[PDB]
Chemist: 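Attaching a single structure in structure tokens format; questions to follow.
All heavy atoms count here, side chains included; hydrogens, waters and symmetry mates do not. First the proteins, then the strands, lettered A, B, ... as listed; each starts at 1.
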Amino acid sequence: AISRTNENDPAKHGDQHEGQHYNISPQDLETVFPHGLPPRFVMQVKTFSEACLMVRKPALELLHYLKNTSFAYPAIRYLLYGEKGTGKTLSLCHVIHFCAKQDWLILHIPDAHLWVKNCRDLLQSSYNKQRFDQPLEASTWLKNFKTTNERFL
RNA sequence: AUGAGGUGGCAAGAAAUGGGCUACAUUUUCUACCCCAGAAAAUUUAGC
Ligand SMILES: Nc1ncnc2c1ncn2[C@@H]1O[C@H](COP(=O)(O)OP(=O)(O)OP(=O)(O)O)[C@@H](O)[C@H]1O
Ligand SMILES: [Mg+2]
Ligand SMILES: [Mg+2]
């Protein structure tokens, strides 16, 4: 299995694991990723009966940045960009899985495009009459946020 | 007057058959895009 790596701990991946697939346990799948993974990667997980992510340079660089982050300075914005279907979503998922294992609090938005299109129950906020509420989109995210961060609640 | 005008009136129904016009969707429809997204829901006439 030249394409697999036995190191299933994202905190110990480096340049020597590049191009190799590491396994995410079903517990980690259901806890860390109720909603994150791309729709067509969930089919592969269901068909292969295992979730495996390749270790790539973008994720390695973004993990090296997060390992040396100073928590006293203001939060740094990292933006993954690339051509269509290049793996940036799964790189973000790799980074989320790294952060979850170190008892970070995860605020994961799986797709912000869903909040700006195709909303059937749009309401007007009682808090601020000039804004609109999206109960179906907010309650769906709240359940998965509770699932991911149940310990800290 | 087979020319030019005035006045009023003339409104039509039945089938049997032939044709024409419209919409007819899941391989569909709406939005973004111009193709890796999100939501909704037997007879018979021609042609190659
Ligand atoms: N690190 C990876 N490990 C395994 N498969 C991967 C990886 N990166 C990409 N893939 C494959 O590529 C497919 C698309 O990846 P992904 O959804 O991350 O793309 P993307 O660049 O975020 O796409 P888009 O521009 O459409 O948002 C994944 O479903 C998987 O098949
Ligand atoms: Mg993506
Ligand atoms: Mg008449």
Chemist: Holding to salt bridge (charged side-chain N to carboxylate O under 4.0 Å, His left out), I want the full list of residues that pass it with A:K101, two or more places apart in sequence or in another chain.
Modeler: A:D28
Chemist: With A:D111, which residues qualify under salt bridge (charged side-chain N to carboxylate O under 4.0 Å, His left out), at least two apart?
Modeler: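 Once residues adjacent in sequence are excluded, A:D111 has no partner under the salt bridge (charged side-chain N to carboxylate O under 4.0 Å, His left out) criterion.
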Chemist: Taking the same atom, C1', in B:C36 and in B:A32, what whole-Å distance lies between them?
Modeler: 14 Å
Chemist: For residues 134-153 of chain A, which residue pairs pass the ring pair (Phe, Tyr, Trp, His ring centres under 6.0 Å) check, not counting sequence neighbours?
Modeler: A:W141-A:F145
Chemist: Honestly curious: do A:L63 and A:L105 fall in one hydrophobic cluster under the side-chain, below-4.5 Å linking rule?
Modeler: no
Chemist: Can B:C35 and B:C36 be counted as stacked under the 5.5 Å centre and 30° plane limits?
Modeler: no
Chemist: Say you pick atom P in B:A11 and the same atom in B:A16; how far apart are they, in whole Å?
Modeler: 27 Å
Chemist: Measure from the side-chain N and O atoms of A:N149 to the backbone N and O of A:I106, and report whether any donor-acceptor pair falls under 3.5 Å.
Modeler: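 A pair under 3.5 Å: yes.
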Chemist: Rounding to the closest angstrom, what is the interatomic distance between B:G47 and B:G20 at atom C1'?
Modeler: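 Their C1' atoms lie roughly 22 Å apart.
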Chemist: Taking only residues two or more places apart in sequence or in another chain, which ones pass side-chain hydrogen bond (donor to acceptor under 3.5 Å, both in side chains) with A:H17?
Modeler: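 In terms of side-chain hydrogen bond (donor to acceptor under 3.5 Å, both in side chains), with neighbours along the sequence ignored, A:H17 is linked to no residue.
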Chemist: Say you pick atom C1' in B:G38 and the same atom in B:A42; how far apart are they, in whole Å?
Modeler: 46 Å
Chemist: Using the sign of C1'-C2'-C3'-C4', would you call the sugar of B:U27 north or south?
Modeler: south
Chemist: Salt-bridged, A:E150 to A:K146, with N to O below 4.0 Å?
Modeler: yes
Chemist: Taking 5' to 3' order, which nucleotide of RNA chain B is first and which is last to have an atom within less than 4.0 Å of a heavy atom in chain A?
Modeler: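 Taking any atom under 4.0 Å from a heavy atom of chain A, the span is B:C36 to B:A40.
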Chemist: Starting from A:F132 and following side-chain heavy-atom contacts under 4.5 Å between hydrophobic residues (I, L, V, M, F, W, Y), which residues can be reached?
Modeler: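 Via sub-4.5 Å side-chain contacts, A:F132 links to A:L122.
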Chemist: Who are the salt bridge (charged side-chain N to carboxylate O under 4.0 Å, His left out) partners of A:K88, not counting sequence neighbours?
Modeler: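 None.
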Chemist: Which label fits B:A37, syn or anti, where anti is any glycosidic angle not within 90° of 0?
Modeler: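 Glycosidic conformation of B:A37: anti.
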Chemist: Look at the side-chain heavy atoms of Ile, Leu, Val, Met, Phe, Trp and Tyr, link any pair under 4.5 Å apart, and say whether A:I109 and A:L80 land in one connected group.
Modeler: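 Different clusters: A:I109 never reaches A:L80 through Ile, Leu, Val, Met, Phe, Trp or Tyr contacts under 4.5 Å.
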Chemist: For residues 31-40 of chain A, which residue pairs pass the side-chain hydrogen bond (donor to acceptor under 3.5 Å, both in side chains) check, not counting sequence neighbours?
Modeler: A:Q27-A:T31
Chemist: Got a sec? Which of residues 36-48 of chain A come in under 4.0 Å of RNA chain B, heavy atoms?
Modeler: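 Correct list: empty, so none.
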Chemist: Which sugar class, north or south, is indicated for B:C10 by the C1'-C2'-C3'-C4' dihedral?
Modeler: north
Chemist: Got a minute to check which stems RNA chain B is part of, using Watson-Crick or G-U wobble pairs under 3.5 Å, three or more consecutive?
Modeler: B:28-31 with B:37-40
Chemist: Provide the distance between the two P atoms, one in B:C35 and one in B:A39, to the nearest whole Å.
Modeler: 22 Å
Chemist: What pucker do you get for B:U44 when you go by the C1'-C2'-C3'-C4' torsion?
Modeler: north
Chemist: Under 5.5 Å between six-ring centres and under 30° between planes, true for B:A11 and B:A12?
Modeler: no
Chemist: A:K84 near the nucleic acid: base, sugar-phosphate alone, or nothing, with a heavy-atom cut-off under 4.0 Å?
Modeler: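 If one applies the 4.0 Å heavy-atom cut-off, A:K84 turns out to touch a base.
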Chemist: If I pick the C1' atom on B:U28 and the same atom on B:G13, what distance separates them, to the nearest angstrom?
Modeler: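 The same atom, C1', in both gives a distance of 46 Å.
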Chemist: Taking the same atom, P, in B:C33 and in B:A46, what whole-Å distance lies between them?
Modeler: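 Pairwise P distance, B:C33 against B:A46, rounds to 47 Å.
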Chemist: What pucker does B:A11 have, north or south, from the sign of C1'-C2'-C3'-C4'?
Modeler: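 Here the torsion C1'-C2'-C3'-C4' comes out negative, placing B:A11 south.
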Chemist: Got a sec, which residues hit salt bridge (charged side-chain N to carboxylate O under 4.0 Å, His left out) with A:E50, two or more places apart in sequence or on another chain?
Modeler: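 Testing A:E50 for salt bridge (charged side-chain N to carboxylate O under 4.0 Å, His left out), a comparison that skips the adjacent residues, returns A:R4.
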Chemist: When you check the sign of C1'-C2'-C3'-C4' for B:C35, do you get north or south?
Modeler: south
Chemist: Using the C1' atoms only, state how far B:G19 lies from B:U45, rounded to an integer number of Å.
Modeler: 14 Å
Chemist: ring-ring contact (aromatic ring centres under 6.0 Å, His included) with A:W115: which residues, sequence neighbours excluded?
Modeler: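 Checked A:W115 against ring-ring contact (aromatic ring centres under 6.0 Å, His included); zero matches.
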Chemist: B:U27 and B:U26, neighbours in the strand: six-membered ring centres under 5.5 Å and planes under 30°?
Modeler: no
